[PDB]
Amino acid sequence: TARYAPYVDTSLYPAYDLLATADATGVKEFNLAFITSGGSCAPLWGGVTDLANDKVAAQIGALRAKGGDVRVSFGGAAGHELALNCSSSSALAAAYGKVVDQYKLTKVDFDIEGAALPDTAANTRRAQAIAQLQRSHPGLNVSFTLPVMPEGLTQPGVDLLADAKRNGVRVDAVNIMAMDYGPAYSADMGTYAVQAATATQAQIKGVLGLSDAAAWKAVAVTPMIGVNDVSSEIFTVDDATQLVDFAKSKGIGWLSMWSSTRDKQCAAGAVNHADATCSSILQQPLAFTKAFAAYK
C-alpha cells in the first residue's frame, strides 16, 4: 500500500502525464478520478468518457511497467455516483466490476459527497455491492473518501461507515477531505487537517472496530492544495510539511491531495479563488507533489 497517491482528474485537458510526474518526483501512485454515471447504470469517466478511451487510464500499463499503480475513484464532487443510477446492488456491483476488470484494479476509492452522502438507501446498496466485489476480487483494497470538519467526520459520514461495516465491507482506509470547512474556520489549514485526522481516528476506531494502531493505519488525509473552494482558506506548502510530519508520527495510512493538475502556479500568478488547473498560490511546478513525497 503506497503512502502518497495524489488525485488526478482525468477529464482535464490535456491529459495529465503520469509517467512524466513519476520521472520528475518519484511519485508513481495516483488516485485516478472520477468514474460516475452518464444517466445509466454503466461506468464512465467524468460521466461521459468510455473506459477504453480515457487518455489517463490508458497510461496504467506504462506506469505499472515503471512499478507504479493506480487506485480508481468513484464519485467525486461533480456528477452522479453510480449508486444513484443503479437500482440493485447486483447491477451496481456489475458496474463497478467492469472498471476493476477493465484495468485489472487492486485498489478502488469511493468518494461519497454532496447529494449522494445522505442517501441512506443508496449507501446500503453500495455497501452490499462492495462486499460482493470484495468477495469476487479477494484482497481488493477499498477506501471511502468523505467530507470532514476539524471536529471529524460528519454524522452522514459516520453513518455511511457503520452501514458499510454491518454490511460486511472491509474498509481499508477512511480518507478525509481536509478542505472547504467554511467561513467560520479561518485559521491555519494544516493544523485543521491534523485536528480533523485526530478526531477521525477516534471515530473510526469505534465504528470500524479496530485497535488504536489499526485505526491510525486506516486514516488517510487529502487536503485541497492552495486556495480552496472556500476561497478564504489556503492550504500552503508549509501546511503540507506539517501534515507530513504528523502523518509520520502516527503512521497514517496514506496522504493524497486535490489535485495533481492544480500543482502548478496559475498563469496570472497568485489569484484569490480556486481553479481546476493550478493552485492559485506562488510556487514552482510540482511543489506539493515533492513536499508530500517526503512521506514515502
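All residue numbers refer to positions in the sequence shown, first residue = 1.
Checked against the record, the higher mean CA B factor of 139 to 147 and 82 to 90 lies with 82 to 90. Looking at 71 to 79 and 206 to 214 together, the entry lists the larger mean B-factor for 206 to 214, computed on C-alpha atoms. In the deposited coordinates, the residue among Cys278, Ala287, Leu282, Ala20 with the greatest CA B-factor is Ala20. When the C-alpha B-factors of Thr154, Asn175, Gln134, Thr198 are read from the PDB record, the largest value belongs to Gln134.
Sort the chain's modelled residues by C-alpha temperature factor and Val100 lands in the highest third, per the entry. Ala187 sits in the highest third of its chain by CA B factor, as recorded in the PDB entry. In the deposited entry, the Cα temperature factor of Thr222 places it in the lowest third of its chain's modelled residues.
When all modelled residues of the chain are sorted by CA temperature factor, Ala116 is found within the middle third. Among the modelled residues of its chain, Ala274 has a C-alpha B-factor that falls in the lowest third, as given in the PDB entry.
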